[PDB]
Each structure stands twice: as structure tokens, then as C-alpha cells.
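**Student:** Quick one: this structure, given as C-alpha cells, is what I'll be asking you about.
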Number of protein chains: 4
Amino acid sequence: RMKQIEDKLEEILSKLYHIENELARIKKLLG
Amino acid sequence: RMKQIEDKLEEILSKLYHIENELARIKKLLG
Amino acid sequence: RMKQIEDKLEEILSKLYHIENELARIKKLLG
Amino acid sequence: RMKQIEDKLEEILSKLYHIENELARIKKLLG
């Protein structure tokens, strides 16, 4: 339950990693 | 006390899925 | 120590709320 | 698990702060 809990949070922690990658493109796209 | 925990998680999940495509959209909007 | 966890998932939850808005605003501001 | 969960949540906290911060900017540029 708990290891399943900390697993979803490693998940959440990566998508979040992806969104900054993307505000990283946007910035390009916008000068 | 605890189903709540994994219930808010699927929900934090769902959001980031929303955000996912919003950025997709934003990327598109921009190029 | 388990109400702690939840009250954080909520403060995460909420920031995911505002995030949705920044991007729907960014979204309109170009389209 | 206890320390470990609350080693990640506050890494997601921190991260929401900066993705949020990053969007403030996207605003100000965009108008």
C-alpha cells in the first residue's frame, strides 16, 4: 500500500520533470 | 484515514494528465 | 504522521489547481 | 517509507513552486 504509495509519487515526480522540459521549449518558441 | 490518500493521488495524477495536453496545446498554438 | 501526508497531497492538489488556470490564460492569450 | 514519502512530497512542493514561478514569466512576456 505504502510502497505502492511512494511509487505513484516517483511517477508524479517525473511528469513534473517533463513539464519543465516543456516550459523550456515554450521559452524557445516565444523568444 | 488512508483510501483518501490514494484517492487524492489518482486525482493528482489526473491533473498532470490535464496539464500534459494543455502544454501540448500550448506547443501547438506556438508551433 | 498520516494526516501529514494527506494535507500535503492537498497543497500539491491545489497548486495543480492554479496551474491549470495559468495555462488556460496562456492558452487564450495567443489564440 | 515514512521519511522517504515525505522526502519526495517536499520535492514536488518545491517543484510546483518553480513550474509556477515559470508561468508567472510566461505571463509577463505574453502581456
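Just so we're on the same page: first chain in the C-alpha cells is A, next is B, and so on; residues restart at 1 for each chain, and ligands are numbered from 1 in the order they show up.
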Do you have, as JSON lines, the list of residues of chain A lying at most 9 Å from chain B, each with its nearest atom pair and that distance in Å to one decimal, counting only C-alpha atoms and ordered by chain then number?
**Tutor:**
{"residue": "A:1", "atom": "CA", "partner": "B:6", "partner_atom": "CA", "distance": 8.9}
{"residue": "A:5", "atom": "CA", "partner": "B:6", "partner_atom": "CA", "distance": 6.9}
{"residue": "A:8", "atom": "CA", "partner": "B:9", "partner_atom": "CA", "distance": 7.5}
{"residue": "A:9", "atom": "CA", "partner": "B:9", "partner_atom": "CA", "distance": 8.1}
{"residue": "A:11", "atom": "CA", "partner": "B:13", "partner_atom": "CA", "distance": 8.8}
{"residue": "A:12", "atom": "CA", "partner": "B:13", "partner_atom": "CA", "distance": 6.9}
{"residue": "A:15", "atom": "CA", "partner": "B:16", "partner_atom": "CA", "distance": 7.2}
{"residue": "A:16", "atom": "CA", "partner": "B:16", "partner_atom": "CA", "distance": 7.8}
{"residue": "A:18", "atom": "CA", "partner": "B:20", "partner_atom": "CA", "distance": 8.9}
{"residue": "A:19", "atom": "CA", "partner": "B:20", "partner_atom": "CA", "distance": 7.5}
{"residue": "A:22", "atom": "CA", "partner": "B:23", "partner_atom": "CA", "distance": 7.3}
{"residue": "A:23", "atom": "CA", "partner": "B:23", "partner_atom": "CA", "distance": 8.2}
{"residue": "A:25", "atom": "CA", "partner": "B:27", "partner_atom": "CA", "distance": 8.0}
{"residue": "A:26", "atom": "CA", "partner": "B:27", "partner_atom": "CA", "distance": 6.5}
{"residue": "A:29", "atom": "CA", "partner": "B:30", "partner_atom": "CA", "distance": 6.3}
{"residue": "A:30", "atom": "CA", "partner": "B:30", "partner_atom": "CA", "distance": 7.5}
**Student:** Please superimpose chain D on chain B using every C-alpha atom, paired by order, in a least-squares fit, and write the moved chain as a short mmCIF file (atom, residue, chain, number, x, y, z; two decimals) with N, CA and C atoms, in the first residue's frame.
**Tutor:**
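Full text of superposed14.cif as output:
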data_model
loop_
_atom_site.label_atom_id
_atom_site.label_comp_id
_atom_site.auth_asym_id
_atom_site.auth_seq_id
_atom_site.Cartn_x
_atom_site.Cartn_y
_atom_site.Cartn_z
N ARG D 1 -7.46 7.15 6.57
CA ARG D 1 -6.37 7.77 5.83
C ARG D 1 -6.00 7.01 4.54
N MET D 2 -5.72 5.69 4.66
CA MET D 2 -5.43 4.82 3.48
C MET D 2 -6.27 5.09 2.20
N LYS D 3 -7.58 4.94 2.24
CA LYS D 3 -8.37 5.18 1.06
C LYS D 3 -8.21 6.62 0.63
N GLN D 4 -8.31 7.50 1.61
CA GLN D 4 -8.26 8.94 1.49
C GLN D 4 -7.02 9.50 0.80
N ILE D 5 -5.84 8.90 1.03
CA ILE D 5 -4.59 9.37 0.41
C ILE D 5 -4.57 9.05 -1.02
N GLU D 6 -4.96 7.80 -1.22
CA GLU D 6 -5.11 7.25 -2.55
C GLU D 6 -6.49 7.53 -3.11
N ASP D 7 -7.03 8.69 -2.76
CA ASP D 7 -8.27 9.25 -3.32
C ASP D 7 -7.87 10.56 -3.94
N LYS D 8 -6.76 11.07 -3.39
CA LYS D 8 -6.17 12.33 -3.81
C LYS D 8 -5.04 12.16 -4.83
N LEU D 9 -4.17 11.20 -4.59
CA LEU D 9 -3.04 10.96 -5.49
C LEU D 9 -3.54 10.78 -6.93
N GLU D 10 -4.53 9.91 -7.08
CA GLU D 10 -5.14 9.62 -8.37
C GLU D 10 -6.03 10.76 -8.88
N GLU D 11 -6.15 11.85 -8.09
CA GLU D 11 -6.84 13.08 -8.53
C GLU D 11 -5.82 14.10 -9.08
N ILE D 12 -4.61 13.92 -8.54
CA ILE D 12 -3.41 14.60 -8.93
C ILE D 12 -2.89 13.85 -10.20
N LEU D 13 -3.11 12.53 -10.28
CA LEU D 13 -2.68 11.80 -11.48
C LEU D 13 -3.37 12.39 -12.72
N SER D 14 -4.63 12.17 -12.65
CA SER D 14 -5.62 12.66 -13.55
C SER D 14 -5.31 14.12 -13.99
N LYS D 15 -5.07 15.00 -13.01
CA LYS D 15 -4.76 16.43 -13.19
C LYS D 15 -3.45 16.70 -13.89
N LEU D 16 -2.44 15.88 -13.66
CA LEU D 16 -1.18 16.05 -14.36
C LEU D 16 -1.40 15.72 -15.85
N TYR D 17 -2.26 14.74 -16.07
CA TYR D 17 -2.60 14.35 -17.40
C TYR D 17 -3.09 15.58 -18.10
N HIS D 18 -4.20 16.23 -17.63
CA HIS D 18 -4.72 17.49 -18.28
C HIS D 18 -3.82 18.76 -18.31
N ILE D 19 -3.02 19.01 -17.28
CA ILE D 19 -2.15 20.17 -17.36
C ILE D 19 -1.17 19.84 -18.49
N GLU D 20 -0.78 18.56 -18.57
CA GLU D 20 0.14 18.09 -19.60
C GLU D 20 -0.46 18.15 -20.97
N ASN D 21 -1.70 17.78 -21.01
CA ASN D 21 -2.45 17.82 -22.23
C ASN D 21 -2.48 19.26 -22.70
N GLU D 22 -2.85 20.20 -21.79
CA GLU D 22 -2.93 21.65 -22.03
C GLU D 22 -1.64 22.24 -22.58
N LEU D 23 -0.54 21.61 -22.25
CA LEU D 23 0.71 22.16 -22.74
C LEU D 23 1.06 21.67 -24.11
N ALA D 24 0.56 20.50 -24.47
CA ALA D 24 0.73 19.97 -25.81
C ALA D 24 0.27 21.05 -26.83
N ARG D 25 -0.94 21.57 -26.53
CA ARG D 25 -1.65 22.60 -27.30
C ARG D 25 -0.82 23.85 -27.44
N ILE D 26 -0.37 24.34 -26.29
CA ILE D 26 0.38 25.58 -26.23
C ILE D 26 1.56 25.53 -27.14
N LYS D 27 1.95 24.28 -27.39
CA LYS D 27 3.05 23.95 -28.27
C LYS D 27 2.61 24.18 -29.69
N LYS D 28 1.75 23.26 -30.15
CA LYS D 28 1.17 23.29 -31.44
C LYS D 28 0.73 24.68 -31.89
N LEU D 29 0.07 25.48 -31.04
CA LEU D 29 -0.22 26.88 -31.43
C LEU D 29 1.07 27.59 -31.79
N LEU D 30 1.89 27.71 -30.72
CA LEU D 30 3.13 28.45 -30.75
C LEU D 30 4.12 28.07 -31.87
N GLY D 31 3.95 26.89 -32.47
CA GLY D 31 4.85 26.44 -33.54
C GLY D 31 5.52 25.14 -33.13
#
